[PDB]
Amino acid sequence: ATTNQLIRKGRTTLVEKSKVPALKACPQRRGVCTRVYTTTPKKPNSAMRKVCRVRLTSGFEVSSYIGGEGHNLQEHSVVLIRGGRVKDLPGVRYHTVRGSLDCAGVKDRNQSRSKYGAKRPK
Amino acid sequence: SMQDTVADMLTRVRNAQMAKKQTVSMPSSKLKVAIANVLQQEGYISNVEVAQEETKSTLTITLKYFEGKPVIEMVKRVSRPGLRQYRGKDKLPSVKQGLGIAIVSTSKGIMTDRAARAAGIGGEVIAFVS
RNA sequence: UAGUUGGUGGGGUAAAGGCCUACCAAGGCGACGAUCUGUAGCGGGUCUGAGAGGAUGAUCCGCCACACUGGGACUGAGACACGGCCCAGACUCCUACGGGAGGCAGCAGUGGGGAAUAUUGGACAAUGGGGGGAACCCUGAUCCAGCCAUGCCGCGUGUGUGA
RNA sequence: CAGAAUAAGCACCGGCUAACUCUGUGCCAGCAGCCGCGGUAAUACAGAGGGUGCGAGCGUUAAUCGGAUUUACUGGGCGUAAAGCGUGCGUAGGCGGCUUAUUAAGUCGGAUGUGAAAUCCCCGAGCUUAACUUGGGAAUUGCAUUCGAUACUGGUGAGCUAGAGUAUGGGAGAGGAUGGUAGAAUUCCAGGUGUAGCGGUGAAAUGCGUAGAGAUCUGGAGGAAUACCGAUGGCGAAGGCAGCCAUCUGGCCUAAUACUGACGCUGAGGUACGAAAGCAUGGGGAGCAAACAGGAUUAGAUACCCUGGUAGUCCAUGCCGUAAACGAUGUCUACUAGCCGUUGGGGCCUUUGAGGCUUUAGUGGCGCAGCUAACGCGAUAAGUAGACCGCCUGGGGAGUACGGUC
RNA sequence: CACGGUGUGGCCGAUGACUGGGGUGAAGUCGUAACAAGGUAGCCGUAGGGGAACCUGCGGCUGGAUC
Ligand SMILES: NCCC[C@H](N)CC(=O)NCCC[C@H](N)CC(=O)NCCC[C@H](N)CC(=O)N[C@@H]1[C@H](O)[C@@H](OC(N)=O)[C@@H](CO)O[C@H]1NC1=N[C@@H]2C(=O)NC[C@@H](O)[C@H]2N1
């Protein structure tokens with residue numbers, strides 16, 4: 001570009017879209033579990049992974065992964081969700097916080113307890 | 001069309017040095033002669049001559065080669081008609097940490113950036129030579 | 001764009017001025033973005049970056065604007081006035097049904113919303129502010145205290161020996 | 001004063017990245033920032049031991065800048081990776097040849113005023129240290145006024161001819177528009193000679209023919225296109241332009257004087273032209289041939305092959321505005337080894353007529369330097385520089401939807 | 001003159017029976033269009049036709065092999 005072209009029309013900056021639109025620039029969001037179910041991974045992965053469709057206070061309905069082994073969730077549960085992708089699951093962009101509102105911490109876990117929300121053993 | 005005769009002169013000198021010519025010739029002007037005199041004083045070129053046929057005037061420059069390489073290794077036009085560059089006395093550019101020269105047109109005539117700083121004046125930065 | 005742009009006579013203001021008015025003229029703005037439209041309090045500053053730049057405008061200081069929503073004026077040196085008045089609107093409260101009352105975006109606090117942010121505390125002793133000749137009175141400004149690992153900085157949870 | 005008495009957790013150990021083994025499970029349960037782990041010996045899942053990093057904290061999520069030269073002013077690109085508008089003309093604008101006088105707007109220098117305090121930085125001071133508080137500086141890169149300088153840019157006056165243009169002689173060309181005309185060939189019609197085939201394919205068949213084909217000879221009708229010359233030739237802004245002749249008409253090349261005296265380059269908007277197909281009205285229609293019909297082939301044929309055949313291809317008057325509209329390379333200017341072809345001109349030399357040297361404007365093949373990721377480009381640059389414009393910012397969604405113009 | 005009312009016309013948002021294309025996932029059905037001369041060279045513009053990749057006509061390009 002020439003100097004005159006730059007003066008007539010400057011440079012253009014393209015805005016970056018957020019990868020967590022449903023949070024709406026908040027660290028976490030509260031939602032009501034609409035449907036808890038299991039899904040299969042995209043190739044080359046095979047499993048039965050636990051996910052829940054949740055309606056958020058932001059007015060959006062999304063899908064959130066349930067981490068750890070063993071969960072007590074069901075329909076009409078109230079959960080807290082944070083950001084975070086699951087990679088091999090198409091369209092799962094959020095995670096459910098363990099042990100926050102109605103979700104419970106994982107059982108018989110003694111390492112990385114702050115994640116999955118397990119208290120200290122006696 | 002030709003709209004920068006100073007850039008034309010610098011390009012002629014650059015191409016002559018790259019082709020290993022002994023002399024280079026161009027149509028002459030007072031600004032070009034002033035720049036060539038500064039080059040000769042700083043030692044990048046050997047001799048400057050002006051000849052006159054009638055109304056026409058021709059400028060001839062004798063080039064210097066030391067060892068195998070040409071003496072003028074880099075010559076860059078800085079100010080151009082599309083973008084003029086003016087600097088104050090405190091922001092005169094230095095070429096190669098003072099090992100080269102910046103040709104500056106000031107109100108006291110054309111000089112190097114070193115002479116301009118010594119005189120405490122600024123002006124238009126014409127070219128970098130190293 | 002038609003009080004629109006300029007002029008004259010008059011009015012009006014603390015004061016210049018289409019600020020208003022009656023006539024006269026056809027002007028005034030716009031690709032250097034007028035008009036319309038979306039968003040937004042502005043600055044000193046703050047974060048990042050080698051720099052140039054980019055993002056931001058809590059806490060401190062200056063300016064502006066607002067006070068349930070709109071339209072007004074009074075008193076006064078000063079207001080078109082958060083805890084003043086008049087009018088219109090929505091809402092809320094008391095009632096013996098005759099008649100009345102109100103505006104926490106002041107401090108504390110309640111409900112609600114939210115991932116999330118505190119006590120319905122003490123004193124005018126200090127610095128200021130109002131009144132008074134003074135004595136002195138008032139001051140949720142302020143100075144302090146309470147709660148929270150929210151941040152920064154500091155300290156401890158012991159030291160030596162012991163194969 | 002009493003007595004160790006009251007006071008350690010969190011994340012991680014496949015690579016990026018400091019820290020490794022054993023059990024349990026077997027593409028399950030699960031992990032995951034990216035690349036990826038798990039399908040019987042998992043240092044990557046869960047537990048344990050050990051270790052590493054931090055420590056009243058440790059991790060996760062969210063957000064800003066950076067790394068990102070990934071909007072490139074500093075500081076990027078457009079032959080093939082994304083990217084030169086299909087091509088011209090031209091408005092606003094940007095930029096602009098040489099000499100001289102003057103001005104002082106840009107530009108540079110000095111002085112003065114201002115740039116609140118706090119904040120940032122420096123030297124100190126007080127907090128048991130530190131955070132923190134605080135004295136004084138430095139800084140606030142800016143703005144305004146005034147006084148100076150005149151090299152460059154701008155303004156004004158004067159002058160010049162190397163850019164640009166004008167008149168006069170000569171030259172080449174499928175440049176454009178209109179109207180005539182010539183020869184070859186295909187088809188059809190008529191007639192003579194003549195008699196069983198012709199045509200078509202890999203092979204066949206559909207088809208034509210004993211109311212006489214095909215073949216051969218004579219005459220006539222009509223439409224479309226111009227063999228040989230013909231060429232890496234020519235002309236045109238591009239799209240494009242071929243028989244011959246006349247009329248009207250554009251540009252280019254070439255020589256020498258003469259003339260004007262910067263009158264120039266580029267160009268957002270705008271406007272003109274713009275292959276083929278297609279559209280509208282009216283003509284024309286030989287050959288060819290989308291659609292369509294039939295015959296073959298094939299597992300199927302919807303196609304390739306064969307026999308037919310309508311739009312269209314042609315003309316007049318308009319529209320449409322798109323192509324791998326390509327050199328996938330915007331226009332203009334200057335400069336930078338050489339060698340060999342070719343087209344249109346100028347000059348010189350032989351010495352008789354045909355050759356040999358140069359120079360200019362086009363058109364080609366190699367190739368030094370230089371450039372490029374490489375391929376390659378290389379005086380017809382993709383090299384060295386300048387002026388202006390257009391365009392690009394991962395792949396799809398998508399040159400799509402909506403709105404608007406035509 | 002604020003608030004209000006009437007008529008008509010703009011712009012924005014939400015919602016709507018039904019309807020059209022797009023992406024992703026999994027490879028189930030019919031074919032084999034492209035990549036070699038991909039077995040009819042490919043592609044571009046345009047027009048017509050077809051269950052579908054696609055086929056055919058006209059013009060263009062080499063980013064086409066063998067000669
Ligand atoms: N002011 C300046 C004025 C400029 C003037 N107006 C025009 C001008 O000067 N332009 C500069 C030259 C650029 C040139 N166009 C680019 C080029 O040449 N190839 C493009 C790059 C492709 C690739 N990288 C090389 C390649 O594949 N090569 C082949 C190859 O050698 C050979 O083929 C085979 N299979 O072996 C040959 C014979 O078929 O063909 C060549 N291919 C071609 N030869 C043709 C040709 O030259 N042109 C037209 C077109 O057809 C060209 N393709």
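In the text below, chain A, chain B and the rest are named by the order of the sequence lines, each starting its count at 1. Because only heavy atoms are used, hydrogens play no part in the values below, and waters and symmetry mates are left out as well, while side chains stay in.
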S.K.: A26(E) phosphate, OP1 or OP2: any side-chain N/O from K42(A) under 4.0 angstrom?
M.R.: no

S.K.: Which whole-number value in Å describes the distance from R12(B) CZ to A385(D) P?
M.R.: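 In whole Å, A385(D) P lies 16 Å from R12(B) CZ.
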
S.K.: Please give the distance between the P atoms of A276(D) and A325(D) as a whole number of Å.
M.R.: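 These two P atoms come out 14 Å apart once rounded.
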
S.K.: OP1 or OP2 of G114(C) versus the side-chain N and O atoms of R30(A): is any pair under 4.0 Å?
M.R.: yes

S.K.: Major or minor groove for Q111(A)? Base it on side-chain heavy atoms under 5.0 Å from the groove-edge atoms, please.
M.R.: major

S.K.: Please determine whether a side-chain nitrogen or oxygen atom of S112(A) lies at a distance below 4.0 Å from atom OP1 or OP2 of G59(D).
M.R.: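 Checking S112(A) against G59(D): no side-chain N or O falls below 4.0 Å of OP1 or OP2.
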
S.K.: Do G106(D) and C98(D) pair up in this structure? I mean Watson-Crick (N1 to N3 plus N6-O4 or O6-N4) or G-U wobble, both distances under 3.5 Å.
M.R.: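 Paired, no.
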
S.K.: Does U71(D) have OP1 or OP2 sitting under 4.0 Å from an N or O in the side chain of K9(A)?
M.R.: no

S.K.: Checking only heavy atoms, does the side chain of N4(A) share a donor-acceptor pair with the base of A387(D) at less than 3.5 Å?
M.R.: no

S.K.: So is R109(A) actually on top of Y116(A)'s ring, under 6.0 Å and inside 45° of the axis?
M.R.: yes

S.K.: Touch check for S18(A), heavy atoms < 4.0 angstrom, all strands: base, sugar-phosphate only, or nothing?
M.R.: sugar-phosphate

S.K.: Would you find more than 12 non-hydrogen atoms of other residues, nucleotides or ligands less than 6.0 Å from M48(A) atom CE?
M.R.: no

S.K.: Whether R117(B) and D90(B) form a salt bridge (side-chain N of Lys/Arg under 4.0 Å from carboxylate O of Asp/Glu) is what I want to check.
M.R.: no

S.K.: Whether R77(B) and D4(B) form a salt bridge (side-chain N of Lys/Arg under 4.0 Å from carboxylate O of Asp/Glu) is what I want to check.
M.R.: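 So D4(B) pairs with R77(B) through a salt bridge.
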
S.K.: Taking 4.0 angstrom as the limit, do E124(B) and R84(B) come out as a salt bridge?
M.R.: yes

S.K.: Between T40(A) and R49(A), do the side chains contain a donor N or O and an acceptor N or O under 3.5 Å apart?
M.R.: no

S.K.: Quick check on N72(A): does its CG atom have over 12 non-hydrogen neighbours (other residues, nucleotides or ligands) under 6.0 Å away?
M.R.: yes

S.K.: Rounded to the Å, how far apart are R49(A) CZ and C27(D) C1'?
M.R.: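 Rounded to whole Å, this separation is 9 Å.
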
S.K.: So what's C80(C) doing, north or south, if we go by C1'-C2'-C3'-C4' (plus is north, minus is south)?
M.R.: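 Of the two classes, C80(C) takes south, because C1'-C2'-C3'-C4' is negative.
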
S.K.: Could you check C263(D) for me: syn (within 90° of 0) or anti?
M.R.: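 Here the answer is syn: the torsion falls within 90° of 0.
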
S.K.: Look at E73(B) together with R14(B) and state whether they make a salt bridge at an N to O cut-off of under 4.0 Å.
M.R.: no

S.K.: Report yes if at least one side-chain N or O of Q28(A) is closer than 4.0 Å to OP1 or OP2 of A116(C); otherwise report no.
M.R.: no

S.K.: Which is more 5' along RNA chain D, the nucleotide nearest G70(A) or the one nearest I81(A)? Just name the residue.
M.R.: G70(A)

S.K.: Looking at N45(A), I'd like to know whether one of its side-chain N or O atoms comes within less than 4.0 Å of OP1 or OP2 on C37(D).
M.R.: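 No, outside the criterion.
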
S.K.: So, is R29(A) close to the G114(C) phosphate, meaning a side-chain N or O under 4.0 Å from OP1 or OP2?
M.R.: no

S.K.: Name the orientation of the base relative to the sugar in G98(C): syn if the glycosidic angle is within 90° of 0, else anti.
M.R.: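 This nucleotide is in syn.
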
S.K.: Would you call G66(D) and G67(D) stacked when the test is ring centres under 5.5 Å and planes under 30°?
M.R.: yes

S.K.: Between major and minor, which groove has a base atom closer than 5.0 Å to the side chain of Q3(B)?
M.R.: minor

S.K.: If you compare every side-chain N and O of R113(A) against the phosphate oxygens of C10(D) (OP1, OP2), does one of them come in below 4.0 Å?
M.R.: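 Yes.
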
S.K.: Look at the side chain of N15(B) and the base of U384(D), then say whether one donor and one acceptor between them are separated by less than 3.5 Å.
M.R.: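 Side chain to base: pair present.
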
S.K.: Does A68(D) count as syn, meaning its glycosidic angle lies within 90° of 0, or as anti?
M.R.: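 Syn conformation here, the glycosidic angle of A68(D) being no more than 90° from 0.
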
S.K.: Does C12(D) pair with anything, Watson-Crick or G-U wobble, both distances under 3.5 Å, and if so, with which nucleotide?
M.R.: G51(D)

S.K.: May I ask you to evaluate whether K21(B) reaches the phosphate of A337(D), defined as a side-chain N or O under 4.0 Å from OP1 or OP2?
M.R.: yes

S.K.: Enter syn or anti for the glycosidic conformation of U69(D), syn applying to angles within 90° of 0.
M.R.: syn

S.K.: Roughly how many Å is it from CG in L83(B) to P in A385(D), rounded to a whole number?
M.R.: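 After rounding, the gap between these two atoms is 17 Å.
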
S.K.: Determine: side-chain N/O of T106(B) to OP1/OP2 of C152(D), distance under 4.0 Å, yes or no.
M.R.: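 For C152(D), neither OP1 nor OP2 has a side-chain N or O of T106(B) closer than 4.0 Å.
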
S.K.: OP1 or OP2 of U266(D) sitting under 4.0 Å from any side-chain N/O of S1(B)?
M.R.: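 Looking at the OP1 and OP2 atoms of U266(D), neither is under 4.0 Å from any side-chain N or O of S1(B).
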
S.K.: So what's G338(D) paired with, Watson-Crick or G-U wobble, going by both distances under 3.5 Å?
M.R.: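 Checking every strand shown, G338(D) finds its partner in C366(D), with both distances under 3.5 Å.
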
S.K.: With both distances under 3.5 Å as the test, what is the Watson-Crick or G-U wobble partner of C348(D)?
M.R.: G356(D)

S.K.: Starting at CE of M18(B) and ending at P of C368(D), how long is that distance when rounded to a whole Å?
M.R.: 16 Å

S.K.: How many whole angstroms separate atom CD1 of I110(B) from atom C1' of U153(D)?
M.R.: 13 Å

S.K.: What about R11(A), does its side chain sit under 3.5 Å from the base of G76(D) through a donor-acceptor pair?
M.R.: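 Such a pair exists between side chain and base.
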
S.K.: Check whether the side chain of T11(B) and the base of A385(D) form a donor-acceptor pair under 3.5 Å.
M.R.: no

S.K.: Whom does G113(D) pair with, Watson-Crick or G-U wobble, provided both distances fall under 3.5 Å?
M.R.: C143(D)

S.K.: For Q17(B) and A337(D), what is the distance between atoms CD and P respectively, to the nearest whole Å?
M.R.: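 The answer, rounded to whole Å, is 14 Å.
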
S.K.: Determine, using purine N1 to pyrimidine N3 plus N6-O4 or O6-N4 for Watson-Crick, or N1-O2 and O6-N3 for G-U wobble, whether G154(D) and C198(D) pair with both distances under 3.5 Å.
M.R.: no

S.K.: Given the structure, is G137(D) a Watson-Crick or G-U wobble partner of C121(D) (both distances under 3.5 Å)?
M.R.: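 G137(D) and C121(D) meet the Watson-Crick or G-U wobble geometry.
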
S.K.: Assign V104(B) to base, sugar-phosphate, or nothing according to its heavy-atom contacts below 4.0 angstrom with the strands shown.
M.R.: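 Counting heavy atoms under 4.0 Å across all strands, no contact is made by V104(B).
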
S.K.: It should be established whether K30(B) places a side-chain nitrogen or oxygen under 4.0 Å from OP1 or OP2 of nucleotide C152(D).
M.R.: yes

S.K.: Rounded to whole angstrom units, what separation is found between the CD atom of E73(B) and the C1' atom of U384(D)?
M.R.: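 Going from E73(B) (CD) to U384(D) (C1'), I get 15 Å.
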
S.K.: Kindly label the base of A162(D) as syn or anti, based on whether its glycosidic torsion lies within 90° of 0.
M.R.: syn

S.K.: Say you pick atom P in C155(C) and the same atom in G57(D); how far apart are they, in whole Å?
M.R.: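 13 Å, rounded to whole Å.
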
S.K.: Watson-Crick or G-U wobble, both distances under 3.5 Å: is that what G89(C) and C36(C) have going on?
M.R.: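 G89(C) and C36(C) do not meet the Watson-Crick or G-U wobble geometry.
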
S.K.: Is the phosphate of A115(C), meaning OP1 or OP2, less than 4.0 Å from a side-chain N or O of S100(A)?
M.R.: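 False: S100(A) side-chain N/O out of range (4.0 Å or more) of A115(C) OP1/OP2.
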
S.K.: Checking side chain to side chain contact (heavy atoms under 4.5 Å, CB included) between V13(B) and each of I35(B), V24(B), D8(B), which is the one that passes?
M.R.: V24(B)

S.K.: Please determine if a side-chain N or O atom of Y86(B) lies less than 4.0 Å away from the OP1 or OP2 oxygen of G109(D).
M.R.: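 No, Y86(B) has no side-chain N/O under 4.0 Å of OP1/OP2 on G109(D).
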
S.K.: Distance check needed: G76(D) P versus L6(A) CG, whole Å only.
M.R.: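 Rounded to the whole Å, the gap is 11 Å.
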
S.K.: Want to settle it: does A19(B) or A7(B) sit nearer the 5' end of RNA chain D, counting the closest nucleotide to each?
M.R.: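 It is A19(B) whose nearest nucleotide is closer to the 5' end.
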
S.K.: What nucleic acid atoms does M48(A) come within less than 4.0 Å of, heavy atoms only: base, sugar-phosphate, or nothing?
M.R.: sugar-phosphate

S.K.: Taking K42(A) for its side chain and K87(A) for its backbone only, find out whether a donor-acceptor pair lies under 3.5 Å.
M.R.: no

